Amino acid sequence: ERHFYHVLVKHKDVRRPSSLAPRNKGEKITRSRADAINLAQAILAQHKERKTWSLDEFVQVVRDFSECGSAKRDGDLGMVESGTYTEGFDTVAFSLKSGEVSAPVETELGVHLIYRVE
């Protein structure tokens, strides 16, 4: 069991292309897959000097950019056992060290940045 948060950037081709974050609940997502990848890359890389991030630092990007319903709790996914989420998410998530933020990783849901709380 490890504790993760995430930022989710959706695109038009996901199964539910609408934001579920409080900031813009119901906003239809029309950006391309490529657009989502580029956006996730930018929101991460604007802080690329960071070896690790504090929780507050990661929650800032959740508040500004995440389109997942988890944004209603600042992107908290709680405790996750390996093998539960899709393989793409799981492998990247369980490769993180404490305080690290992943590179953009894609699943059916969209493009994620994954943060390991500890």
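Just count from 1 along the sequence shown to find any residue number.
K.L.:
State which stretch shows the higher mean Cα B factor in the entry: 89 to 97 or 71 to 79.
P.N.:
The entry gives the higher C-alpha B-factor average to 89 to 97.
K.L.:
Please work out which of 31 to 39 and 46 to 54 has the higher mean CA B-factor as recorded in the PDB entry.
P.N.:
Going by the record's values, the stretch with the higher mean is 46 to 54.
K.L.:
Please say which third, lowest, middle or highest, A103 falls into when its CA temperature factor is compared across its chain.
P.N.:
Its C-alpha B-factor belongs to the highest third of this chain's values.
K.L.:
Should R2 be placed in the lowest, middle or highest third of its chain by the C-alpha B factor in the entry?
P.N.:
Within its chain, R2 is a highest-third residue by C-alpha B-factor, going by the deposited values.
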